[PDB]
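What follows is a single chain, given as structure tokens, in the form deposited in one PDB entry.
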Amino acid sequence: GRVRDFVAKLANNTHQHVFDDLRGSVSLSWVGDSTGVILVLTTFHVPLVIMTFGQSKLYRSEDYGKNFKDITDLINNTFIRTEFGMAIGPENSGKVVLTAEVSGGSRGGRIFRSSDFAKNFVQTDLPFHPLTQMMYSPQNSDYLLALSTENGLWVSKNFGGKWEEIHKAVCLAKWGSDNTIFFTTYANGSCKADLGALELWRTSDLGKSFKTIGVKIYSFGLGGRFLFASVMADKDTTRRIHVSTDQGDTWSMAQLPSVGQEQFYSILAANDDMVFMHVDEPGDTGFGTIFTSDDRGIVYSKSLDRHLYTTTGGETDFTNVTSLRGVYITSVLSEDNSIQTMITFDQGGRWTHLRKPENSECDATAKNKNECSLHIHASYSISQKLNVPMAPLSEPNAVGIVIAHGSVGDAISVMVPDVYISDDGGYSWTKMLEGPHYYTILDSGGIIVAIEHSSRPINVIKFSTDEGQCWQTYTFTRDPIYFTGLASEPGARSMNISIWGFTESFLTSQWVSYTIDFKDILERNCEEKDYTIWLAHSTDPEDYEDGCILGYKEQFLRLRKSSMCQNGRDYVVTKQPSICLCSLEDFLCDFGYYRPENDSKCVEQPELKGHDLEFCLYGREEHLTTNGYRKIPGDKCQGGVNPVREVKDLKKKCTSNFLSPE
């Protein structure tokens, strides 16, 4: 750390706020972007019949947590149900809805709602009792939907002032795009009893009119531009996926295996181009298979086998590395029952082990002391109570930066982990810090901050202005705190960070927060001179196709490590793409085709088995005619190879084995 006079530039920018009360469960919510508004909520028991034996305390900051004001009187100390949480409005709507507990015998529930970033609240009594949290229509923050304790679907067009029940007997409801609502309904019995017999409904006018877009429904889900629905198989207790890209007007069967009741589907990630779908393996395995879709969400390539996804807790380590296009990391179960971290750079086209740091030696999990990989601690390691304070961290505005606890060896080890960092989207790695730490990225990567994870109280904070290569430590208080967590504005564009914890026992361990402003550390604004040209996904500069991923390269401007300046709240990631010539690698095999060990070419399958044969017989005829190739979704290559073969019909092939009637 080459920062000069850093103590003097941070001492006057460190703002302590001690919460005198705040006893118990503490909920913290940010309200909007570029507002600095933070709500802190706590609830507790009181021996007052008049309060139904409960009260809340509610604090509000509007300077990114430097100072808080007690605004409990705005909700009349009413006990707030924290299971619902604070219902925070989209982007800068400033909408806030708290769900109160009401006494016995009430007609319906009660909410406290604010439309001005919690400066004023109004009380609203509901014609129903809410069963779920209230969901904002993403397009319009005035439109809300909620299920009632009677499984009624209620909608409000005026930010919860007035509600109407648009349908009864609803199991699950979700906002689509353009203020569209999808929901399932039950008939004879309960939602569980009518599984595989539910109906899937749609309404695009907030309940004025309805359309039934699916029958024999098990459940449904949304991902990217795709609507997925699981439907029964009439003869038995199994189900399969159908997909729609037109909000349920038309459907097609997904080329994915059917599953039983004790299996599950899980959308790992989805966008405008494709979806990552996990299919649980039959049996108590704790793993499944990742499948990647084509751009229609219909034809699926098998991407990764033995993908870890436990039933107990639903723990998976699948992580979109949001700081570099096409990069995803996850954990796989080897045959040896060990857990290995895998990384893909091309959207699940190929997976490989993570390259270990050059200066790192292998741990006891590796047979060879000098040959091993880097493995990453994520949700599963945390769920298993390993000493992992945080999961991997990446931000799209901090190009290439990835931070995670890990271990260098042949499998995820149980030892107390170090923190490792990548600046190139996961191609190369360095040990960032020794031991576990909480970490946060500020100013689009202009500053990285770390807090040591310790059993004893701490009073120091580590910061780096060169993407984690050099560090300096700042004592932010003379009264050490038992650290609990960091709070910083979502989007990693602020220069404010809030350190939360409680003081030592002799001080009644009240909650306290230290908010630090790094504006005097990054006093100078970045200029053009402080940015440098960087080709993403570079592995060999002498190669003409170096950096081509899904058919194109991207060349960035990014902040020089030696440059100590502020990117700014308005910082924009600058990148330019180079359109590579198409090769066979830019195409996936269409239905009825596969790739042999021989490179590139998609060849006709000899016989269609399992779900492939079920797709052929029952699939839509349009998808059953192809030449064997489809452009990879999101692939922008131009020129070069184009498949010569014309459109061959694959359904005659599967039906040819069956004797047909007249």
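For every residue, the number given is its place in the sequence shown, counted from 1. Whichever C-alpha set is largest while still superposing within 1.5 Å between the two forms counts as the rigid core. Only residues modelled in both forms are compared.
Keep in mind that the form deposited in another entry is not shown, yet the notes after this line are about it.
Candidate set 29, 55, 605, 35; criterion, C-alpha shift of 2 Å or more between this form and the one not shown after rigid-core fit; matching residue, 55. If you fit the rigid core between this form and the one not shown, you'll see the Cα of residue 46 move by 2 angstroms or more. Core-superposed comparison between this form and the one not shown: the C-alpha position of residue 652 differs by less than 2 Å. Compared with the form shown here, the Cα atoms of residue 124 and residue 53 sit 3 Å or more farther apart in that other deposited form. In that other deposited form, the separation between the C-alpha atoms of residue 99 and residue 54 grows by 3 Å or more relative to the displayed form.
In sequence order, 45 to 55, 644 to 646 are the runs of at least 3 residues present in both forms whose Cα atoms shift by 2 Å or more between this form and the one not shown once the core is superposed.
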